[PDB]
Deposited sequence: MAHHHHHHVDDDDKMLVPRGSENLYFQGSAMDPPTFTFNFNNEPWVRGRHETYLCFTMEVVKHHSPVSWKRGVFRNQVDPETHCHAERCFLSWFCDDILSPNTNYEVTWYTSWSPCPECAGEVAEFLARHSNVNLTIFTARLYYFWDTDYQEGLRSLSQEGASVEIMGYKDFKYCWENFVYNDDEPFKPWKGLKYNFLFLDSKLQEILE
């Protein structure tokens, strides 16, 4: 049915390590893009896809998604509601590529939730996030409900509830403030 999953789900320790939202965490070299997609076609039942992309034919996760979407998914006369949950926000090359992809495809609507802001203090990365926002993508910080959603849908949770870590809300508030300063 609509249970189609692209890629592999994370084990719990991989999720907890990668989606930790301390603004300056060390040793998180991977980029995880979880996604859900609503496929809306006028005379068909609405269908759903979800999955997980990582880095690397070499490719950052955001580009891996776009390349898979264009090559395997994107159809005529179909609307797409896409939500991303990324562990790191995009680099400027990825941000520019996603922005240009969205300009090319009016039928695709993208919402980006991000656990952390990658190089938020660098103006080239700020510009990248700004251009993403200006081309119609809503960029947001992952909060409690978003981490809980990912735990439920992209993790081998083994029916255990999401356990939020200490500092999750404080970190969210710091990051959301920095994001609003960037998008101003």
Discussion item. Tell me which segments of the deposited chain sequence are not represented by C-alpha atoms in this structure.
Written reply: 1-21, 78-81
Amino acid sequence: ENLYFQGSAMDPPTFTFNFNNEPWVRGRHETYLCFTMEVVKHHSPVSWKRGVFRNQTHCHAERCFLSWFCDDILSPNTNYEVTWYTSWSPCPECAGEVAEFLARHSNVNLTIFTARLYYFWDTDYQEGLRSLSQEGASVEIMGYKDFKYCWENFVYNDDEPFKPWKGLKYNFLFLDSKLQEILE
From here on, numbers count along this sequence of modelled residues.
Fill in: residue 47 unmodelled in at least a third of other compared entries
no
Discussion item. Tell me whether residue 57 turns out to be unmodelled in at least a third of the other entries of this protein, restricted to those that model residues on both sides.
Written reply: yes
Discussion item. Going by the mean C-alpha B-factor recorded in the entry, which is higher: 121-129 or 155-163?
Written reply: 121-129
Worksheet item: Of the two stretches 105-113 and 83-91, which shows the higher Cα B-factor on average in the entry?
Response: 105-113
Worksheet entry | Maximum C-alpha temperature factor, selected from 145, 60, 50, 43 | 43
